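First the proteins, then the strands, lettered A, B, ... as listed; each starts at 1. These numbers come from the heavy atoms of this one structure, side chains and all, not from hydrogens, waters or symmetry mates. Every number for a ligand or one of its atoms is a count from 1 in the order of the listing.
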Amino acid sequence: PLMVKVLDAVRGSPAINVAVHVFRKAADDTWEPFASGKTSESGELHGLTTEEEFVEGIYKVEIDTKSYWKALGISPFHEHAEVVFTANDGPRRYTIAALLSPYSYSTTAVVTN
Amino acid sequence: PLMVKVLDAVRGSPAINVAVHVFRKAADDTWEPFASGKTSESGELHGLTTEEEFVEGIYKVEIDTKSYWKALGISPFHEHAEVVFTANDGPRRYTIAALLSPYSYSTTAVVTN
Amino acid sequence: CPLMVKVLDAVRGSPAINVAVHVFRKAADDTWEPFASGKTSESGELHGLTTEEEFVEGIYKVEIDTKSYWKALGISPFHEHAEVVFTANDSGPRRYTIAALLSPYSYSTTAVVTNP
Amino acid sequence: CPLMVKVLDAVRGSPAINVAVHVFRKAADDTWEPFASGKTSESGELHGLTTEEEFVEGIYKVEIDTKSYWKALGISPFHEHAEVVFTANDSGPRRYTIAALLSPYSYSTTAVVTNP
Ligand SMILES: Nc1ncc(-c2cccc3cccnc23)cn1
Ligand SMILES: Nc1ncc(-c2cccc3cccnc23)cn1
Ligand SMILES: [Ca+2]
Ligand SMILES: [Ca+2]
C-alpha cells in the first residue's frame, strides 16, 4: 500500500541506499515511528507496511537526503526531505516519489486503484 | 533501451494515454521521426525502439501535454513538452520521466547500466 | 531581508497569494521553537520574516501551509504542508530565498543562497 | 517587459548566470523564425527581450542553452537545452515569466502569466 521511489537529478540515476523513515501522527500531535528502510538499486523501497497496518491518518515520510549527498561527495542544502500527507480510504495504493538535487527537491504522490 | 514515463501532478496519477513522439536529428539539422506511442495505464511507454535502431545522436521526445490536459477538461499553458538530449554509448538504458502540471513541467533522465 | 519565501501555483500559472508560512528553529533541547511567521503577498512573496540580528545560526524549518491554500481554492490537496529544513549561517551570514512551486499532489522547492 | 526569463541552478543554489536564451515565433509557413535572444544577468534574470509592440499573438518557443551553461562549469549535462513552447496573447496581451530550474540530468520550468 505504500512505496517510496527516489531519483537523483545530478547523476541521472536512481537514488540508491537512501534511508527513509515513515511516521504516523499520534493523538498528542507527536510523530510515532511507523516503518523504515533503505532504497534498493532501483531507488525503490517496497515492503514498508501492510494493508492491515496502514490506516487512515497523517503520515510523514522523512528521506535522509543529507546522508545520501554526503556519501556521493556532493554538498547538500537540506537536512532531509519530509513529505507529510493524509491517507484517506475506495481501493488505493500510494507511491511517494522524490527527485533530488543538492539545493532543491520535488515530490509527487501517485495514488492508484 | 528507451522508455518514457509520465506522471500527473494535479490528479496524483500516472498520465495515461499521452501521445509521445521521438525524433532523431538528421544531418541537415531537421528532426526525423524515430518512434512514437501512447502511455499505458501505468503512465509508461515501452517498446519504442530496439538496441540496433537506437544509435548515438541527438533525440527529441515530444510529449503532447496539451491534448492530455484538454481530454481531462483542464486548461493548459504549453503546446507540448519537448525533451532534447544526446545519446552517448558502456551499457545503457534511458528512461525519460516527466511530471506534468498545467503551467509547469519537470523532466529527468534515468540512465542505468 | 535574510530570509525570503516565494510561492507559485502550477495550476493557475500565478503567484500563490495569502499562503501562510511558519518558521521554526531547533532549540538546544532538540525541539522546534517558533521563530517567525507571515503570509505571501499578491506577488507570492513573503518579506520581513526576520532581521540580520535575529537570524542566527541554527537548524530552521520553513512550513508552507499548502493545505489551507488549496482548500481555500476549493480543491482537496494531498500534502499537509511543504516543509523545508536546513542549517543556516554555519559559515557566516547568508541570504536565503526559499521558493516553492505547488500543485495539488506535488510540490517542489529550491533554495537560493547568496553572500551579503 | 512582456516576456521575462529567470534561471536557477539546483546544484549550487544560485542564479544561473550568463545563460543564453533564444526565442522563436512560428511563422505562417509553420517554421520557427527568430524573435529575440539574450543572456541572463548576475541575478539569473533576462529582461528586455521584447516590447509590447513586437510581442504579438503567436506560438513562441523559448530555448534556454542549458548545455553551454553546464559545460562552462565543467560538467557534462544530459539535455541539449530546455525548451518552453506556448501560445501567447490569444485572449489579449499578457505578461509572461518563464522560470527554469536546472540540474545536470533534469530541469523544470514554470510559467507565471499576469494581466497588465
Ligand atoms: N518512477 C518515477 N517517478 C517519478 C518521476 C519523476 C519525474 C519527473 C519529476 C519528478 C518530480 C518529483 C518526483 N518524481 C518525479 C520519475 N520516475
Ligand atoms: N522566482 C522563482 N521562480 C520560480 C522558482 C521555482 C521554485 C520551485 C521550483 C521551480 C521549478 C521550475 C522553475 N522555477 C521553480 C523559484 N523562484
Ligand atoms: Ca558555524
Ligand atoms: Ca486571439
What are the atoms of ligand 2, with element, lying closer than 4.0 Å to any heavy atom of C:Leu8?
3 (N), 4 (C)

Just one of B:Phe77, B:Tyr105, B:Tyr103 clears the ring-ring contact (aromatic ring centres under 6.0 Å, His included) bar with D:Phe86, so which one?
B:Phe77

Tell me the nearest of C:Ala10, C:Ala99, D:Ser108 to atom 17 (N) of ligand 2, using heavy-atom distances.
C:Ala99

Here the pair of heavy atoms bringing A:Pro102 nearest to D:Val11 is CB-O, 3.6 Å

Exactly one of A:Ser104, A:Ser101, A:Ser106 clears side-chain hydrogen bond (donor to acceptor under 3.5 Å, both in side chains) with C:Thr110, and that residue is A:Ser104

Only to 10 degrees, please: what angle do the OE1 atom of C:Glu57 and the OD1 atom of C:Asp90 make about the Ca ion (ligand 3)?
80°

Below 30° counts as parallel, above 60° as perpendicular, anything between as tilted: where do the rings of D:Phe35 and D:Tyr60 land?
perpendicular

